[PDB]
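Read the structure below first, then the notes.
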Amino acid sequence: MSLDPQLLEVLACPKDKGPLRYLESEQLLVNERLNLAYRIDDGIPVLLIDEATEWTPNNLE
């Protein structure tokens, strides 16, 4: 199927257990349902319960 799935694998949220959306540009893992983001810091993705930071969510009224 081409590409390199080995260097990716499946990264899921520790709480939601859902697959995080991988941003290749800045190595960001965002849960699109909780609107929370996990950072991959120097090759190490910090997947913790409370280490999730607020990301740009849905717009307001």
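Letters A, B, ... mark the chains of the structure tokens in the order given; residue numbers begin at 1 per chain; ligand numbers begin at 1, in order shown.
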Which of segment 7-53 of chain A fall in strand (DSSP E), as a count of residues only
16
For residue 49 of chain A, find every residue with an atom within 9 Å (counting only C-alpha atoms), except residues of its own chain fewer than 4 positions away, and show them as a PyMOL selection string. chain A and resi 13-15
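Of the residues under consideration (A:1, A:45, A:39, A:31), A:31 shows the shortest atom-to-atom contact distance to residue 57 of chain A when counting only C-alpha atoms.
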*Leaving out residue 11 of chain A and any residue of its chain fewer than 3 positions from it, which residues lie within 9 Å of it when counting only C-alpha atoms, given as a list in words?*
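Non-adjacent residues within range: residues 8, 17, 18, 19, 20, 21, 22, 29 and 47 of chain A.
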Atom CA of residue 24 of chain A to atom CA of residue 50 of chain A measures 23.0 Å
Exercise. Find the residues near residue 33 of chain A: any atom within 9 Å, counting only C-alpha atoms, skip ones fewer than 3 places away on the same chain, and give them as a VMD selection string.
Key: chain A and resid 16 30 36
Worksheet item: Which neighbours of residue 41 of chain A fall inside 10 Å, counting only C-alpha atoms, when residues of the same chain fewer than 5 positions from it are skipped, and could you give them as a PyMOL selection string?
Response: chain A and resi 26-28+46
For the residues selected in the previous step, produce a file with N, CA, C and O atoms as a PDB file, in the first residue's frame.
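See part.pdb below for the written result:
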ATOM      1  N   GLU A  26       3.463  19.502  12.505  1.00  0.00           N
ATOM      2  CA  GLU A  26       4.000  19.903  13.804  1.00  0.00           C
ATOM      3  C   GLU A  26       3.938  18.763  14.819  1.00  0.00           C
ATOM      4  O   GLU A  26       4.134  18.981  16.015  1.00  0.00           O
ATOM      5  N   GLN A  27       3.690  17.546  14.325  1.00  0.00           N
ATOM      6  CA  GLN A  27       3.582  16.355  15.173  1.00  0.00           C
ATOM      7  C   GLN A  27       2.584  16.564  16.307  1.00  0.00           C
ATOM      8  O   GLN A  27       2.948  16.577  17.485  1.00  0.00           O
ATOM      9  N   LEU A  28       1.325  16.731  15.942  1.00  0.00           N
ATOM     10  CA  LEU A  28       0.275  16.946  16.919  1.00  0.00           C
ATOM     11  C   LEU A  28      -0.751  15.831  16.846  1.00  0.00           C
ATOM     12  O   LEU A  28      -1.119  15.386  15.758  1.00  0.00           O
ATOM     13  N   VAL A  46       3.539  12.338  24.485  1.00  0.00           N
ATOM     14  CA  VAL A  46       3.147  12.318  25.883  1.00  0.00           C
ATOM     15  C   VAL A  46       1.650  12.052  26.012  1.00  0.00           C
ATOM     16  O   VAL A  46       0.836  12.976  26.049  1.00  0.00           O
TER      17      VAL A  46
END
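Of the residues under consideration (A:61, A:25, A:55, A:9), A:55 shows the shortest atom-to-atom contact distance to residue 38 of chain A when counting only C-alpha atoms.
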